[PDB]
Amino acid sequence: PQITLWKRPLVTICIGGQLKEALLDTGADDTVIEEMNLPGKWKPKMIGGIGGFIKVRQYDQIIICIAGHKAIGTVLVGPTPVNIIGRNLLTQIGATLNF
């Protein structure tokens, strides 16, 4: 599809068996999902942006369905205000920015 940028580019995702709304975010290196009780091993991490840093749990090889497209990779879970699909998964669903 083509997504214009008049509005936030939110799409439906499925992660850990739950549907969420998430931003397709070219400005994010990594995918950051709001606090959820995801199973399995993880590694502590801190990630920084406007305002400072949040503490997240880094999970590897997590399956996510993004707007009907499958992806698998690192997901950071923590107290983000919005669910963020970052470049690590955007590449996997074939996303480009065009102008």
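Heads up: residue numbers just count along the shown sequence, starting at 1.
### Task
Would you check the entry's CA temperature factor for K55 and let me know if it's in the chain's lowest, middle or highest third?
According to the entry, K55 has a C-alpha B-factor in the chain's lowest third.
### Message
Quick check on the deposited entry: does the C-alpha B-factor of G73 sit in the lowest, middle or highest third of its chain?
### Response
It belongs to the middle third of the chain when residues are ordered by C-alpha B-factor.
### Message
Ranking every modelled residue in this chain by its Cα temperature factor as given in the entry, which third contains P9?
### Response
Answer is lowest: the recorded C-alpha B-factor places it there.
### For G49, the third of its chain into which the C-alpha B factor falls
Middle third, going by the recorded CA B-factors of the chain.
#### Entry: CA B-factor placement of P79, once the chain's modelled residues are sorted into thirds
According to the entry, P79 has a C-alpha B-factor in the chain's middle third.
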